[PDB]
Every structure is written in C-alpha cells, then in structure tokens.
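**Student:** If it helps, the file is called work_10.cif and holds mmCIF, C-alpha atoms; chains and numbers go by the auth columns:
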data_coords
loop_
_atom_site.group_PDB
_atom_site.id
_atom_site.type_symbol
_atom_site.label_atom_id
_atom_site.label_comp_id
_atom_site.label_asym_id
_atom_site.label_seq_id
_atom_site.Cartn_x
_atom_site.Cartn_y
_atom_site.Cartn_z
_atom_site.B_iso_or_equiv
_atom_site.auth_seq_id
_atom_site.auth_asym_id
ATOM 1 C CA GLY A 1 -17.596 8.812 32.175 0.00 39 A
ATOM 2 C CA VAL A 2 -19.304 5.614 31.049 0.00 40 A
ATOM 3 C CA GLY A 3 -23.003 4.829 31.334 0.00 41 A
ATOM 4 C CA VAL A 4 -24.488 7.221 28.785 0.00 42 A
ATOM 5 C CA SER A 5 -25.381 6.940 25.099 0.00 43 A
ATOM 6 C CA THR A 6 -23.178 8.661 22.520 0.00 44 A
ATOM 7 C CA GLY A 7 -25.471 8.918 19.511 0.00 45 A
ATOM 8 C CA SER A 8 -28.977 8.902 18.056 0.00 46 A
ATOM 9 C CA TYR A 9 -30.983 6.464 15.935 0.00 47 A
ATOM 10 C CA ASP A 10 -32.430 7.672 12.633 0.00 48 A
ATOM 11 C CA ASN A 11 -33.176 5.570 9.554 0.00 49 A
ATOM 12 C CA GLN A 12 -35.366 7.826 7.409 0.00 50 A
ATOM 13 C CA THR A 13 -35.194 9.622 4.058 0.00 51 A
ATOM 14 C CA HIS A 14 -35.857 13.334 3.535 0.00 52 A
ATOM 15 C CA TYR A 15 -36.578 15.041 0.209 0.00 53 A
ATOM 16 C CA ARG A 16 -35.470 18.663 -0.142 0.00 54 A
ATOM 17 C CA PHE A 17 -36.797 20.238 -3.340 0.00 55 A
ATOM 18 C CA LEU A 18 -34.050 22.538 -4.615 0.00 56 A
ATOM 19 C CA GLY A 19 -36.394 23.604 -7.395 0.00 57 A
ATOM 20 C CA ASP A 20 -35.482 23.963 -11.065 0.00 58 A
ATOM 21 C CA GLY A 21 -36.252 20.260 -11.366 0.00 59 A
ATOM 22 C CA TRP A 22 -33.459 19.149 -9.041 0.00 60 A
ATOM 23 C CA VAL A 23 -34.063 17.608 -5.619 0.00 61 A
ATOM 24 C CA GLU A 24 -31.529 16.781 -2.904 0.00 62 A
ATOM 25 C CA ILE A 25 -32.251 13.355 -1.419 0.00 63 A
ATOM 26 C CA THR A 26 -30.675 12.615 1.964 0.00 64 A
ATOM 27 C CA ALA A 27 -30.791 8.976 3.059 0.00 65 A
ATOM 28 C CA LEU A 28 -30.065 8.278 6.727 0.00 66 A
ATOM 29 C CA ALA A 29 -29.611 4.725 7.991 0.00 67 A
ATOM 30 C CA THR A 30 -28.839 3.350 11.449 0.00 68 A
ATOM 31 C CA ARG A 31 -28.360 -0.294 12.424 0.00 69 A
ATOM 32 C CA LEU A 32 -27.076 -2.432 15.297 0.00 70 A
ATOM 33 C CA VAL A 33 -23.853 -4.346 14.629 0.00 71 A
ATOM 34 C CA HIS A 34 -22.724 -7.610 16.228 0.00 72 A
ATOM 35 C CA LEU A 35 -19.005 -8.409 16.293 0.00 73 A
ATOM 36 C CA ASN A 36 -17.390 -11.527 17.751 0.00 74 A
ATOM 37 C CA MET A 37 -13.763 -12.030 18.776 0.00 75 A
ATOM 38 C CA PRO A 38 -12.031 -13.217 15.562 0.00 76 A
ATOM 39 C CA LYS A 39 -10.791 -16.812 15.677 0.00 77 A
ATOM 40 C CA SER A 40 -7.636 -16.007 13.714 0.00 78 A
ATOM 41 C CA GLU A 41 -5.349 -14.341 16.256 0.00 79 A
ATOM 42 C CA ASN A 42 -3.044 -13.283 13.425 0.00 80 A
ATOM 43 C CA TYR A 43 -2.975 -12.896 9.640 0.00 81 A
ATOM 44 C CA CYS A 44 -3.381 -16.230 7.859 0.00 82 A
ATOM 45 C CA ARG A 45 -2.461 -17.172 4.290 0.00 83 A
ATOM 46 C CA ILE A 46 -4.967 -19.994 3.803 0.00 84 A
ATOM 47 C CA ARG A 47 -4.828 -21.714 0.411 0.00 85 A
ATOM 48 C CA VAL A 48 -8.167 -23.015 -0.871 0.00 86 A
ATOM 49 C CA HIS A 49 -8.045 -25.425 -3.811 0.00 87 A
ATOM 50 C CA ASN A 50 -11.216 -27.430 -4.434 0.00 88 A
ATOM 51 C CA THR A 51 -10.517 -30.695 -6.256 0.00 89 A
ATOM 52 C CA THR A 52 -13.965 -32.244 -5.851 0.00 90 A
ATOM 53 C CA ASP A 53 -14.821 -30.493 -9.120 0.00 91 A
ATOM 54 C CA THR A 54 -11.574 -29.347 -10.746 0.00 92 A
ATOM 55 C CA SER A 55 -10.368 -32.952 -10.936 0.00 93 A
ATOM 56 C CA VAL A 56 -13.374 -33.949 -13.044 0.00 94 A
ATOM 57 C CA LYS A 57 -12.994 -33.595 -16.814 0.00 95 A
ATOM 58 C CA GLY A 58 -16.465 -32.157 -17.337 0.00 96 A
ATOM 59 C CA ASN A 59 -16.292 -29.535 -14.593 0.00 97 A
ATOM 60 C CA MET A 60 -14.255 -26.485 -15.611 0.00 98 A
ATOM 61 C CA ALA A 61 -16.191 -23.430 -14.424 0.00 99 A
ATOM 62 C CA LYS A 62 -16.321 -24.722 -10.845 0.00 100 A
ATOM 63 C CA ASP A 63 -12.693 -23.670 -10.388 0.00 101 A
ATOM 64 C CA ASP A 64 -12.507 -22.042 -6.956 0.00 102 A
ATOM 65 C CA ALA A 65 -8.708 -22.191 -6.954 0.00 103 A
ATOM 66 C CA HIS A 66 -7.137 -19.225 -5.164 0.00 104 A
ATOM 67 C CA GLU A 67 -5.066 -18.200 -2.144 0.00 105 A
ATOM 68 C CA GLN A 68 -6.516 -15.436 0.028 0.00 106 A
ATOM 69 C CA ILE A 69 -5.199 -13.781 3.187 0.00 107 A
ATOM 70 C CA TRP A 70 -7.665 -14.015 6.073 0.00 108 A
ATOM 71 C CA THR A 71 -7.244 -11.026 8.387 0.00 109 A
ATOM 72 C CA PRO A 72 -8.442 -10.771 12.023 0.00 110 A
ATOM 73 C CA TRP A 73 -10.526 -7.728 11.079 0.00 111 A
ATOM 74 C CA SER A 74 -14.192 -7.482 10.122 0.00 112 A
ATOM 75 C CA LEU A 75 -15.690 -4.804 7.882 0.00 113 A
ATOM 76 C CA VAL A 76 -18.646 -2.414 7.985 0.00 114 A
ATOM 77 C CA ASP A 77 -19.309 -1.967 4.266 0.00 115 A
ATOM 78 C CA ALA A 78 -22.896 -0.823 3.726 0.00 116 A
ATOM 79 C CA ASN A 79 -22.555 -0.506 -0.048 0.00 117 A
ATOM 80 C CA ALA A 80 -26.099 -1.661 -0.799 0.00 118 A
ATOM 81 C CA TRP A 81 -29.117 0.232 -2.124 0.00 119 A
ATOM 82 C CA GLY A 82 -31.435 -1.669 0.190 0.00 120 A
ATOM 83 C CA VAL A 83 -29.384 -0.772 3.259 0.00 121 A
ATOM 84 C CA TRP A 84 -29.976 2.954 2.736 0.00 122 A
ATOM 85 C CA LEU A 85 -33.367 3.820 1.248 0.00 123 A
ATOM 86 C CA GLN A 86 -36.738 2.287 2.115 0.00 124 A
ATOM 87 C CA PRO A 87 -38.715 -0.121 -0.142 0.00 125 A
ATOM 88 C CA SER A 88 -41.465 2.452 -0.729 0.00 126 A
ATOM 89 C CA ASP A 89 -39.014 5.286 -1.406 0.00 127 A
ATOM 90 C CA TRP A 90 -37.305 3.587 -4.353 0.00 128 A
ATOM 91 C CA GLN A 91 -40.713 3.397 -6.034 0.00 129 A
ATOM 92 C CA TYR A 92 -41.128 7.173 -5.838 0.00 130 A
ATOM 93 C CA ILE A 93 -37.596 7.862 -7.078 0.00 131 A
ATOM 94 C CA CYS A 94 -37.723 5.588 -10.132 0.00 132 A
ATOM 95 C CA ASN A 95 -41.217 6.798 -11.046 0.00 133 A
ATOM 96 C CA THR A 96 -40.382 10.493 -10.695 0.00 134 A
ATOM 97 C CA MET A 97 -36.650 11.208 -10.935 0.00 135 A
ATOM 98 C CA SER A 98 -35.032 10.675 -14.340 0.00 136 A
ATOM 99 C CA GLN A 99 -31.453 10.585 -13.047 0.00 137 A
ATOM 100 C CA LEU A 100 -29.527 10.350 -9.776 0.00 138 A
ATOM 101 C CA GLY B 1 -14.746 9.379 35.119 0.00 39 B
ATOM 102 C CA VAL B 2 -13.892 5.829 34.079 0.00 40 B
ATOM 103 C CA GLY B 3 -15.274 3.981 31.070 0.00 41 B
ATOM 104 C CA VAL B 4 -13.625 5.849 28.205 0.00 42 B
ATOM 105 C CA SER B 5 -10.421 5.351 26.216 0.00 43 B
ATOM 106 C CA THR B 6 -7.472 7.671 26.839 0.00 44 B
ATOM 107 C CA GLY B 7 -5.418 7.265 23.677 0.00 45 B
ATOM 108 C CA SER B 8 -5.188 6.224 20.034 0.00 46 B
ATOM 109 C CA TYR B 9 -3.578 3.321 18.176 0.00 47 B
ATOM 110 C CA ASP B 10 -1.078 4.077 15.413 0.00 48 B
ATOM 111 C CA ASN B 11 1.803 1.877 14.266 0.00 49 B
ATOM 112 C CA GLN B 12 2.859 3.403 10.943 0.00 50 B
ATOM 113 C CA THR B 13 5.866 5.200 9.456 0.00 51 B
ATOM 114 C CA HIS B 14 5.734 8.553 7.659 0.00 52 B
ATOM 115 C CA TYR B 15 8.436 10.001 5.401 0.00 53 B
ATOM 116 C CA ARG B 16 8.728 13.792 5.279 0.00 54 B
ATOM 117 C CA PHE B 17 11.128 14.933 2.558 0.00 55 B
ATOM 118 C CA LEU B 18 12.965 17.955 3.955 0.00 56 B
ATOM 119 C CA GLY B 19 14.698 18.304 0.604 0.00 57 B
ATOM 120 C CA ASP B 20 18.403 18.951 0.067 0.00 58 B
ATOM 121 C CA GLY B 21 18.843 15.190 0.292 0.00 59 B
ATOM 122 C CA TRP B 22 17.687 14.935 3.903 0.00 60 B
ATOM 123 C CA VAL B 23 14.446 13.252 4.957 0.00 61 B
ATOM 124 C CA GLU B 24 12.809 13.188 8.391 0.00 62 B
ATOM 125 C CA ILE B 25 11.557 9.689 9.194 0.00 63 B
ATOM 126 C CA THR B 26 8.971 9.417 11.973 0.00 64 B
ATOM 127 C CA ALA B 27 8.305 5.897 13.246 0.00 65 B
ATOM 128 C CA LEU B 28 5.171 5.411 15.347 0.00 66 B
ATOM 129 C CA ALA B 29 4.521 2.141 17.166 0.00 67 B
ATOM 130 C CA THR B 30 1.675 1.024 19.423 0.00 68 B
ATOM 131 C CA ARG B 31 1.315 -2.323 21.190 0.00 69 B
ATOM 132 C CA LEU B 32 -0.732 -4.011 23.917 0.00 70 B
ATOM 133 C CA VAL B 33 1.152 -4.878 27.109 0.00 71 B
ATOM 134 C CA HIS B 34 0.375 -7.675 29.570 0.00 72 B
ATOM 135 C CA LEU B 35 1.610 -7.337 33.153 0.00 73 B
ATOM 136 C CA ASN B 36 1.107 -9.850 35.961 0.00 74 B
ATOM 137 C CA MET B 37 1.377 -9.265 39.709 0.00 75 B
ATOM 138 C CA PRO B 38 5.089 -9.855 40.490 0.00 76 B
ATOM 139 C CA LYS B 39 5.779 -12.923 42.633 0.00 77 B
ATOM 140 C CA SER B 40 8.559 -11.201 44.573 0.00 78 B
ATOM 141 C CA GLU B 41 6.730 -8.956 47.040 0.00 79 B
ATOM 142 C CA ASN B 42 10.022 -7.236 47.849 0.00 80 B
ATOM 143 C CA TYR B 43 13.557 -6.811 46.507 0.00 81 B
ATOM 144 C CA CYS B 44 15.465 -10.098 46.450 0.00 82 B
ATOM 145 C CA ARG B 45 19.220 -10.692 46.313 0.00 83 B
ATOM 146 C CA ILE B 46 19.175 -14.125 44.672 0.00 84 B
ATOM 147 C CA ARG B 47 22.596 -15.695 44.108 0.00 85 B
ATOM 148 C CA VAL B 48 22.859 -17.915 41.029 0.00 86 B
ATOM 149 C CA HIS B 49 25.926 -20.153 40.794 0.00 87 B
ATOM 150 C CA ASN B 50 25.702 -23.002 38.285 0.00 88 B
ATOM 151 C CA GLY C 1 36.817 35.159 -33.413 0.00 39 C
ATOM 152 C CA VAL C 2 37.594 31.475 -33.900 0.00 40 C
ATOM 153 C CA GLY C 3 39.864 29.357 -31.724 0.00 41 C
ATOM 154 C CA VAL C 4 37.842 29.116 -28.520 0.00 42 C
ATOM 155 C CA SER C 5 35.309 26.619 -27.170 0.00 43 C
ATOM 156 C CA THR C 6 31.624 27.563 -27.111 0.00 44 C
ATOM 157 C CA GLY C 7 30.196 25.163 -24.546 0.00 45 C
ATOM 158 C CA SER C 8 30.726 22.803 -21.620 0.00 46 C
ATOM 159 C CA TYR C 9 30.620 19.027 -21.174 0.00 47 C
ATOM 160 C CA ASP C 10 28.275 17.557 -18.567 0.00 48 C
ATOM 161 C CA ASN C 11 26.665 14.113 -18.617 0.00 49 C
ATOM 162 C CA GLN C 12 25.361 13.657 -15.071 0.00 50 C
ATOM 163 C CA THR C 13 22.018 13.331 -13.281 0.00 51 C
ATOM 164 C CA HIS C 14 20.908 15.461 -10.327 0.00 52 C
ATOM 165 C CA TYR C 15 18.051 14.674 -7.937 0.00 53 C
ATOM 166 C CA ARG C 16 16.235 17.638 -6.391 0.00 54 C
ATOM 167 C CA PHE C 17 13.818 16.544 -3.666 0.00 55 C
ATOM 168 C CA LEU C 18 10.787 18.823 -3.950 0.00 56 C
ATOM 169 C CA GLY C 19 9.355 17.106 -0.891 0.00 57 C
ATOM 170 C CA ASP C 20 5.773 15.909 -0.478 0.00 58 C
ATOM 171 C CA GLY C 21 6.905 12.708 -2.172 0.00 59 C
ATOM 172 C CA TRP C 22 7.753 14.366 -5.484 0.00 60 C
ATOM 173 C CA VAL C 23 11.297 14.716 -6.812 0.00 61 C
ATOM 174 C CA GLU C 24 12.517 16.661 -9.846 0.00 62 C
ATOM 175 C CA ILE C 25 15.028 14.596 -11.819 0.00 63 C
ATOM 176 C CA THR C 26 17.249 16.507 -14.246 0.00 64 C
ATOM 177 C CA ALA C 27 19.197 14.365 -16.711 0.00 65 C
ATOM 178 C CA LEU C 28 22.061 16.063 -18.549 0.00 66 C
ATOM 179 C CA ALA C 29 23.845 14.331 -21.421 0.00 67 C
ATOM 180 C CA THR C 30 26.695 15.451 -23.671 0.00 68 C
ATOM 181 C CA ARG C 31 28.251 13.516 -26.551 0.00 69 C
ATOM 182 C CA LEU C 32 30.573 14.015 -29.523 0.00 70 C
ATOM 183 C CA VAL C 33 28.950 13.756 -32.957 0.00 71 C
ATOM 184 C CA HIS C 34 30.599 12.715 -36.225 0.00 72 C
ATOM 185 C CA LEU C 35 29.036 13.868 -39.497 0.00 73 C
ATOM 186 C CA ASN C 36 30.289 13.083 -42.999 0.00 74 C
ATOM 187 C CA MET C 37 29.485 14.901 -46.240 0.00 75 C
ATOM 188 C CA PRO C 38 26.295 13.188 -47.516 0.00 76 C
ATOM 189 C CA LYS C 39 26.751 11.197 -50.726 0.00 77 C
ATOM 190 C CA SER C 40 23.355 12.224 -52.093 0.00 78 C
ATOM 191 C CA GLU C 41 23.880 15.782 -53.332 0.00 79 C
ATOM 192 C CA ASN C 42 20.116 16.160 -53.707 0.00 80 C
ATOM 193 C CA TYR C 43 16.847 14.540 -52.625 0.00 81 C
ATOM 194 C CA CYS C 44 16.476 11.018 -54.007 0.00 82 C
ATOM 195 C CA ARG C 45 13.326 8.930 -54.444 0.00 83 C
ATOM 196 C CA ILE C 46 14.921 5.481 -54.255 0.00 84 C
ATOM 197 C CA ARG C 47 12.513 2.560 -54.645 0.00 85 C
ATOM 198 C CA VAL C 48 13.450 -0.570 -52.694 0.00 86 C
ATOM 199 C CA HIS C 49 11.611 -3.770 -53.613 0.00 87 C
ATOM 200 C CA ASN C 50 13.201 -6.999 -52.384 0.00 88 C
ATOM 201 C CA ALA D 1 22.863 9.463 -5.188 0.00 539 D
ATOM 202 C CA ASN D 2 23.677 7.356 -8.247 0.00 540 D
ATOM 203 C CA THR D 3 27.314 8.333 -8.792 0.00 541 D
ATOM 204 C CA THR D 4 28.255 5.098 -10.559 0.00 542 D
ATOM 205 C CA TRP D 5 27.613 3.548 -13.973 0.00 543 D
ATOM 206 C CA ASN D 6 27.176 -0.066 -12.878 0.00 544 D
ATOM 207 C CA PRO D 7 23.971 -0.774 -10.882 0.00 545 D
ATOM 208 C CA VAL D 8 24.676 -1.172 -7.164 0.00 546 D
ATOM 209 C CA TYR D 9 23.493 -4.220 -5.218 0.00 547 D
ATOM 210 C CA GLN D 10 19.989 -3.898 -3.770 0.00 548 D
ATOM 211 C CA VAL D 11 17.719 -5.866 -1.439 0.00 549 D
ATOM 212 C CA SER D 12 14.976 -7.652 -3.377 0.00 550 D
ATOM 213 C CA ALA D 13 12.460 -10.361 -2.490 0.00 551 D
ATOM 214 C CA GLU D 14 12.833 -13.338 -4.832 0.00 552 D
ATOM 215 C CA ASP D 15 9.903 -15.671 -5.489 0.00 553 D
ATOM 216 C CA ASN D 16 9.017 -18.471 -3.076 0.00 554 D
ATOM 217 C CA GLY D 17 12.013 -20.786 -3.187 0.00 555 D
ATOM 218 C CA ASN D 18 15.304 -21.865 -1.641 0.00 556 D
ATOM 219 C CA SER D 19 16.348 -18.226 -2.033 0.00 557 D
ATOM 220 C CA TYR D 20 16.989 -16.562 1.329 0.00 558 D
ATOM 221 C CA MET D 21 15.135 -13.435 0.199 0.00 559 D
ATOM 222 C CA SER D 22 11.967 -15.501 -0.190 0.00 560 D
ATOM 223 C CA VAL D 23 8.617 -13.742 0.214 0.00 561 D
ATOM 224 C CA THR D 24 7.083 -16.597 2.209 0.00 562 D
ATOM 225 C CA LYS D 25 9.722 -15.758 4.820 0.00 563 D
ATOM 226 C CA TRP D 26 7.688 -12.677 5.743 0.00 564 D
ATOM 227 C CA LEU D 27 4.281 -13.995 4.669 0.00 565 D
ATOM 228 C CA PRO D 28 1.596 -15.532 6.942 0.00 566 D
ATOM 229 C CA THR D 29 0.825 -19.256 6.815 0.00 567 D
ATOM 230 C CA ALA D 30 -2.418 -21.207 6.450 0.00 568 D
ATOM 231 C CA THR D 31 -2.658 -21.140 10.245 0.00 569 D
ATOM 232 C CA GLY D 32 -1.300 -17.626 10.678 0.00 570 D
ATOM 233 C CA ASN D 33 2.260 -18.315 11.810 0.00 571 D
ATOM 234 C CA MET D 34 4.919 -15.743 10.916 0.00 572 D
ATOM 235 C CA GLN D 35 8.653 -15.157 11.302 0.00 573 D
ATOM 236 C CA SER D 36 11.024 -12.191 11.070 0.00 574 D
ATOM 237 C CA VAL D 37 14.435 -12.922 9.556 0.00 575 D
ATOM 238 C CA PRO D 38 17.390 -10.474 9.417 0.00 576 D
ATOM 239 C CA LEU D 39 17.718 -8.051 6.503 0.00 577 D
ATOM 240 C CA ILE D 40 20.668 -7.053 4.328 0.00 578 D
ATOM 241 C CA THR D 41 22.012 -3.876 5.928 0.00 579 D
ATOM 242 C CA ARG D 42 24.221 -1.492 3.944 0.00 580 D
ATOM 243 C CA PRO D 43 23.402 -2.900 0.468 0.00 581 D
ATOM 244 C CA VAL D 44 24.791 0.081 -1.455 0.00 582 D
ATOM 245 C CA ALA D 45 28.530 0.221 -2.152 0.00 583 D
ATOM 246 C CA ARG D 46 30.696 2.920 -0.570 0.00 584 D
ATOM 247 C CA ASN D 47 34.123 4.100 -1.721 0.00 585 D
ATOM 248 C CA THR D 48 36.503 4.503 1.224 0.00 586 D
ATOM 249 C CA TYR D 49 38.946 6.735 -0.662 0.00 587 D
#
So, in terms of structure tokens, how does the structure I just supplied come out?
**Tutor:**
Amino acid sequence: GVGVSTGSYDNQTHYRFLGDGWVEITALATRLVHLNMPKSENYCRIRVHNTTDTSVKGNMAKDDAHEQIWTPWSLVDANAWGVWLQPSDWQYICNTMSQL
Amino acid sequence: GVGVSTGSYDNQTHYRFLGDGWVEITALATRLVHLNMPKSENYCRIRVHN
Amino acid sequence: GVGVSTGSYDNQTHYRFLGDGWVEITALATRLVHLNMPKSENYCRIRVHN
Amino acid sequence: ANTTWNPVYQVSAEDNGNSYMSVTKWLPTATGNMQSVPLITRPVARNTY
C-alpha cells in the first residue's frame, strides 16, 4: 500500500542527433513542490483599488485598479526556459542551433 | 494495503446529443462528507411535545 | 399546360441535431414578389450630382 | 423548437443592480461568501390547446 516511492528523479538534457542537420533535444526536469493549505476556504471576489497613487494628479501609470477572483487552488506552471534546460546547455544551443 | 486513494473526484455535467430532439444529460457530483460518532449509543424513542 | 401551380409555400425553420454539439439549421423562406414593367426601356447612364 | 414569431421569455443575468437576476447573486464576495437563490423554472411559453 503506502510506504514506497512512486517515481524517479531526473533533471538532465539529452541530445539525439537525427542527422540531416536536425537534432531532437529532450529536456527533463524534476523538482520538489511545497503546498500549504489555502487560507481562502472558498472562491473570493476581492476588489483591489489602490488610491495611494491613482488619487494623485501626477501618477497615472500606477493604476492597479482591477477586481480578480482568488481561488483556493494553486498552480504548477513551469513555463520558464530556466526551469527546463541547464545554464550551460543554453550556451551550446544558441551557439550551434539556428532554430528551435 | 492502506495508504492509497480509492476513487476520483468529478462534479461536472456532460450533454450528449442523441439527436431527434432528445439529449442525454449526465450529472456527476462529488463531495466530502463529515460524520461524527453518534451520541445515541442505541435506538431511542424520544417523545417531543411542545 | 397552364392553369396549375408549380411549387409549394414553406417559410419555417427546422433544427436537426447532428450530435457532438453541432446542429444543422435549415431555414426555409417563401414570399410573393411584385414586379412592374421597368420604365427604362434600355440601359441608361444617368448622372446624379447634387 | 421555435414555433412562434415573437421571442419567448428567457432567463438572463442582468448587471449588478436591484434586478433579481443580478450576477453578484451567484458571485463570490471579497471574503468568499456565496448564496444560491431560486431560478426561473419553465421560462418558455406553452400552448395548452
């Protein structure tokens, strides 16, 4: 039942030369996540309207006026180039590959 | 043995158009229940008369 | 020869559920037209300049 | 099916206001409070003869 792992850790990057100038680059990334019990038990419709800047005549761009809907759910969005490849790898790609 | 889930959560509603004007509507609903140890150890025949 | 209709009147709209969320909507429309003998016997190149 | 010429009554959600069909009625609050009010059942018209 419980008491045994259910996966494997691997955060590397393999390069498979498919020849003809094309190369298949597979980027594996594994990380440890930390989630805490959300404070908002239910969906909230908080309305944020900063006036410390909007009220001023000079300040116009500092308009953070909006009304979002805070949900009790987190999100695992790893849409970042640095969260996939390795610092050294990117150097090789940009210096060699001409498109990706 | 113990230490693993035994189900799945799904509280949606799907619409399957069976054509001819009729549509099969399937409504799925999942919720978390909270039960406490009943105070009455046995069956009681309480008589309420306001 | 002449003295008998050559068509049928129907100005309704039928909905055929093709399922999968898509529905084929057929719109039929029939009307009576009234045409009068054009005044301009031939093509005219009228120039309007208010 | 639409067997009439004049549009039949429907159930819409008017903007946030005194209107009963207000959206805020079914929308969360700054804290997260919510409420479920009754809905208009049988909105479409039916001829009984």
**Student:** Just so the selection is clear, what residues does the PyMOL selection byres ((chain D) within 10 of (chain C)) cover here, as JSON, numbers by chain?
**Tutor:** {"D": [539, 540, 541]}
**Student:** Please report as a PyMOL selection string which residues of chain B come no farther than 12 Å from chain A, using all atoms listed in the file.
**Tutor:** chain B and resi 39-44
**Student:** When the cut-off is 7 Å and we count all atoms listed in the file, which residues of chain B are near chain C, given as a short mmCIF file (atom, residue, chain, number, x, y, z; two decimals) with C-alpha atoms, in the coordinates of the input?
**Tutor:**
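The resulting file, out-v2.cif, is reproduced below:
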data_model
loop_
_atom_site.label_atom_id
_atom_site.label_comp_id
_atom_site.auth_asym_id
_atom_site.auth_seq_id
_atom_site.Cartn_x
_atom_site.Cartn_y
_atom_site.Cartn_z
CA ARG B 54 8.73 13.79 5.28
CA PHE B 55 11.13 14.93 2.56
CA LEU B 56 12.96 17.95 3.96
CA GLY B 57 14.70 18.30 0.60
CA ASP B 58 18.40 18.95 0.07
CA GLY B 59 18.84 15.19 0.29
#
**Student:** What does the distance between CA of residue 585 in chain D and CA of residue 550 in chain D come to in Å, to one decimal place?
**Tutor:**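 The value is 22.5 Å.
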**Student:** Kindly assemble as a tab-separated table a list of the chain D residues that lie within 12 Å of chain A, each paired with its nearest atom pair and their distance in Å to one decimal, using all atoms listed in the file, sorted first by chain and then by ascending residue number.
**Tutor:**
residue	atom	partner	partner_atom	distance
D:562	CA	A:83	CA	9.8
D:564	CA	A:83	CA	11.2
D:565	CA	A:83	CA	7.5
D:566	CA	A:82	CA	5.1
D:567	CA	A:83	CA	4.6
D:568	CA	A:84	CA	3.9
D:569	CA	A:82	CA	5.5
D:570	CA	A:82	CA	3.8
D:571	CA	A:82	CA	7.2
D:572	CA	A:81	CA	8.5
D:573	CA	A:81	CA	12.0
**Student:** Applied to the shown file, which residues does the PyMOL selection byres ((chain A and resi 131-136) around 12) return, written as a list in words?
**Tutor:** residues 51, 53, 55, 59, 60, 61, 62, 63, 123, 124, 125, 126, 127, 128, 129, 130, 137 and 138 of chain A
**Student:** Using Å and a single decimal, report how far CA of residue 548 in chain D sits from CA of residue 581 in chain D.
**Tutor:** 5.5 Å
**Student:** Provide the CA of residue 555 in chain D to CA of residue 575 in chain D distance in Å, to one decimal place.
**Tutor:**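 Taking CA of residue 555 in chain D and CA of residue 575 in chain D, their separation equals 15.2 Å.
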**Student:** Give me the residues within 10 Å of residue 70 in chain C as JSON, numbers by chain, counting all atoms listed in the file and dropping any in the same chain fewer than 2 places off.
**Tutor:** {"C": [47, 68, 72]}
**Student:** Can you tell me, as lines of an AutoDock Vina configuration file, the centre and edge lengths (Å, one decimal) of the axis-aligned box enclosing all of range 101-120 of chain A's listed atoms after padding each side by 5 Å?
**Tutor:**
center_x = -18.3
center_y = -11.7
center_z = 0.8
size_x = 36.4
size_y = 33.9
size_z = 32.4
**Student:** Report as a count of residues only all protein, DNA and RNA residues lying within 9 Å of residue 50 in chain A, evaluated on only C-alpha atoms, omitting residues in the same chain fewer than 6 positions from it.
**Tutor:** 8
**Student:** Name the residues that the PyMOL selection byres ((chain D and resi 580) around 12) pulls out of this structure, and write them as a list in words.
**Tutor:** residues 546, 547, 548, 549, 577, 578, 579, 581, 582, 583 and 584 of chain D
**Student:** Applying 12 Å and only C-alpha atoms, which residues near residue 100 in chain A remain after dropping the ones on its own chain fewer than 2 positions away? List them as a list in words.
**Tutor:** residues 87, 88, 89, 90, 91, 92, 93, 94, 95, 96, 97, 98, 102 and 103 of chain A
**Student:** Just write the chosen residues, C-alpha atoms, as a PDB file, in the coordinates of the input.
**Tutor:**
ATOM      1  CA  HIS A  87      -8.045 -25.425  -3.811  1.00  0.00           C
ATOM      2  CA  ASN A  88     -11.216 -27.430  -4.434  1.00  0.00           C
ATOM      3  CA  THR A  89     -10.517 -30.695  -6.256  1.00  0.00           C
ATOM      4  CA  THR A  90     -13.965 -32.244  -5.851  1.00  0.00           C
ATOM      5  CA  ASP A  91     -14.821 -30.493  -9.120  1.00  0.00           C
ATOM      6  CA  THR A  92     -11.574 -29.347 -10.746  1.00  0.00           C
ATOM      7  CA  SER A  93     -10.368 -32.952 -10.936  1.00  0.00           C
ATOM      8  CA  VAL A  94     -13.374 -33.949 -13.044  1.00  0.00           C
ATOM      9  CA  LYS A  95     -12.994 -33.595 -16.814  1.00  0.00           C
ATOM     10  CA  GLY A  96     -16.465 -32.157 -17.337  1.00  0.00           C
ATOM     11  CA  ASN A  97     -16.292 -29.535 -14.593  1.00  0.00           C
ATOM     12  CA  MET A  98     -14.255 -26.485 -15.611  1.00  0.00           C
ATOM     13  CA  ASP A 102     -12.507 -22.042  -6.956  1.00  0.00           C
ATOM     14  CA  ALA A 103      -8.708 -22.191  -6.954  1.00  0.00           C
TER      15      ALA A 103
END
**Student:** Just save range 81-89 of chain A with N, CA, C and O atoms, as an mmCIF file, in the first residue's frame.
**Tutor:**
data_model
loop_
_atom_site.group_PDB
_atom_site.id
_atom_site.type_symbol
_atom_site.label_atom_id
_atom_site.label_comp_id
_atom_site.auth_asym_id
_atom_site.auth_seq_id
_atom_site.Cartn_x
_atom_site.Cartn_y
_atom_site.Cartn_z
ATOM 1 N N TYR A 81 -14.092 30.406 -2.996
ATOM 2 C CA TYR A 81 -13.783 31.413 -4.005
ATOM 3 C C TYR A 81 -14.128 32.819 -3.529
ATOM 4 O O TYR A 81 -15.249 33.081 -3.092
ATOM 5 N N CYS A 82 -13.155 33.719 -3.620
ATOM 6 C CA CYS A 82 -13.343 35.101 -3.198
ATOM 7 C C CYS A 82 -13.300 36.049 -4.392
ATOM 8 O O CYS A 82 -12.606 35.792 -5.377
ATOM 9 N N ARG A 83 -14.045 37.146 -4.298
ATOM 10 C CA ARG A 83 -14.087 38.138 -5.365
ATOM 11 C C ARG A 83 -13.521 39.451 -4.832
ATOM 12 O O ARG A 83 -14.185 40.487 -4.861
ATOM 13 N N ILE A 84 -12.286 39.392 -4.344
ATOM 14 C CA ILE A 84 -11.611 40.559 -3.788
ATOM 15 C C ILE A 84 -11.451 41.671 -4.820
ATOM 16 O O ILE A 84 -11.094 41.418 -5.971
ATOM 17 N N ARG A 85 -11.715 42.904 -4.398
ATOM 18 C CA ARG A 85 -11.599 44.061 -5.278
ATOM 19 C C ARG A 85 -10.461 44.962 -4.811
ATOM 20 O O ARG A 85 -10.562 45.616 -3.772
ATOM 21 N N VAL A 86 -9.378 44.993 -5.582
ATOM 22 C CA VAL A 86 -8.221 45.813 -5.243
ATOM 23 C C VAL A 86 -8.217 47.118 -6.032
ATOM 24 O O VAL A 86 -8.202 47.111 -7.263
ATOM 25 N N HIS A 87 -8.231 48.236 -5.314
ATOM 26 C CA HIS A 87 -8.228 49.552 -5.943
ATOM 27 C C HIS A 87 -7.304 50.498 -5.185
ATOM 28 O O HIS A 87 -7.724 51.163 -4.236
ATOM 29 N N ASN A 88 -6.044 50.554 -5.604
ATOM 30 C CA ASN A 88 -5.065 51.421 -4.960
ATOM 31 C C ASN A 88 -5.390 52.886 -5.229
ATOM 32 O O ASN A 88 -5.608 53.284 -6.373
ATOM 33 N N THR A 89 -5.426 53.683 -4.167
ATOM 34 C CA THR A 89 -5.725 55.106 -4.287
ATOM 35 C C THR A 89 -4.533 55.945 -3.844
ATOM 36 O O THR A 89 -4.518 57.165 -4.019
#
